[PDB]
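J.: Quick note on numbering: the sequence shown equals residues -1 to 49, 55 to 391 in PDB author numbering.
Heads up, the beta-carbon is just placed ideally off N, CA and C, and yes, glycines get one too.
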Amino acid sequence: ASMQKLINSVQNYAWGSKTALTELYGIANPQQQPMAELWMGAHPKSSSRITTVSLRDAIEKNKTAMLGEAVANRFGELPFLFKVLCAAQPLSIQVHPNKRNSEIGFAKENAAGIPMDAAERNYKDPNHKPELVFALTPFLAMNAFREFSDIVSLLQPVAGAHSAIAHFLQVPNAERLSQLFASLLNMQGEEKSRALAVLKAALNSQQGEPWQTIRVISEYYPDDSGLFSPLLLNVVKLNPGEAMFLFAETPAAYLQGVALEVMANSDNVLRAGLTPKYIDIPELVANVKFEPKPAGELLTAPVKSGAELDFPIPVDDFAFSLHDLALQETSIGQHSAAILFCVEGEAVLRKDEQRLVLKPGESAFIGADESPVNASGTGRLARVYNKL
């Protein structure tokens, strides 16, 4: 009644793990389909359900009661989508355009009648909202350009791969990094073969990172210019419990591991490597900020208050927090809708006389009108909500 145990959709994309969700959370998979994403939210294409009715429909009927006044007024819907992402294969490198360009791209595609579900559709929102990724198992990824001196150092053993690399080495700056980035992506035929050969040779003469990451990617993307991108972008291996923001105009890729993912329901994606799909390179370059981001600034620094561990997000759309469960009840309240997810151990949620048990991988939806709820047990409980 007050606490709705969620029935969640599993997107079976080809790149998904066949065993990850089953091993971690005991979720059934007898056909051994690749389970890529567990969706917790009210996305129109595949909303979570409550005991069954659609959560989206449940929210539609009583928005102010379910979402709260603040969220209803600001967004008019559940403003976030909460996912468990299981990367068995490396995914494409993606850029999320900024607000200004997101409006134009969104408008451009709408002006040409491009449907929202079409494969050509890159822009599905007239705004940039950030994305938080939170590691559940060791999570390999790429995020943002390295310091120019770091890129210089890493490009030395493959200087002869392409003239644009040599060009960047002469003057390591933003505009030549942009030229390098675009030229790499635009390599064709024997220009591509020559460059790749030089890289594959360097793999045998270089050790450690990011050369090991290139080897891991090359199994799935052997004939792809994106194999050079770990030399340009920071390779990050998040330990369980660490988190990362996806920034606008900043190339990033999820390579392997299991992680929680909070985002806005609609997303804008320009592919930037590790993909068979066509890439509009001028549009990509126009939507990329070629400014180095040091490794220290990649991880989101959380804030611990009591048993709550908040990961501050620079926008009101969604908030993320971990709650260390104890045997004594602690109150988990909010002025908005919340989705509670049991990360590990076990979570007993209580609202008056109602009790709801959540084993790892299970989740519950708490409406704004049913806050607060008392949580006890062991392990950690993850919450997505709004600080409004």
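1) Taking only runs of the beta strand (DSSP E) that begin and end inside the stretch 271 to 354, which ones reach a length of at least 3 residues, in chain order?
2) Are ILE96 and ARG274 touching if we call contact CB-CB under 8 Å?
3) I think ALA378 touches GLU349, with their Cβ atoms under 8 Å apart; what is that distance to the nearest whole Å?
4) Do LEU241 and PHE142 have their C-beta atoms closer together than 8 Å?
5) Could you tell me how far apart the beta carbons of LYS127 and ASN271 are, in whole angstroms, since I believe they sit closer than 8 Å?
6) Buried or exposed: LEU330, going by 16 or more other Cβ atoms within 10 Å of its Cβ?
7) What's the C-alpha gap between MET1 and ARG353?
8) Whole beta strand (DSSP E) runs in the stretch 76 to 158 with 3 or more residues, listed along the chain?
9) Does DSSP classify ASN207 as helix, strand or coil?
10) Can you find at least 3 beta carbon pairs, one from the stretch 221 to 237 and one from the stretch 136 to 155, that sit closer than 8 Å?
11) Are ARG383 and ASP320 closer than 8 Å when you measure CB to CB?
12) Using a Cβ distance threshold of 8 Å, determine whether the stretch 81 to 91 contacts the stretch 369 to 376, with at least three qualifying pairs required.
13) What's the C-alpha gap between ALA200 and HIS165?
14) From what residue to what residue does the alpha helix (DSSP H) around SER232 run?
15) Would you mind sorting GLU356 into buried or exposed? The rule is 16 or more other CB atoms within 10 Å of its CB.
16) Does the stretch 248 to 258 touch the stretch 292 to 307, meaning 3 or more C-beta pairs lie closer than 8 Å?
17) Within 10 Å of its beta-carbon, does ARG59 have 16 or more other beta-carbons around it, so buried, or fewer, so exposed?
18) Tell me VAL238's beta-bridge partners as DSSP assigns them.
19) To the nearest angstrom, report how far apart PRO129 and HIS41 are at their CA atoms.
20) Roughly how many angstroms separate the alpha carbons of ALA73 and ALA122, rounded to a whole number?
21) Considering only the beta carbon of each residue, do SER228 and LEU187 sit closer than 8 Å?
T.: Quick answer:
1) 306 to 308, 311 to 314, 322 to 327, 333 to 335 and 341 to 354
2) yes
3) About 11 Å separates the two Cβ atoms, so there is no contact after all.
4) yes
5) 6 Å
6) exposed
7) 8 Å
8) 84 to 90, 134 to 138 and 142 to 148
9) helix
10) yes
11) no
12) no
13) 11 Å
14) 232 to 235
15) exposed
16) yes
17) buried
18) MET145
19) 17 Å
20) 34 Å
21) yes
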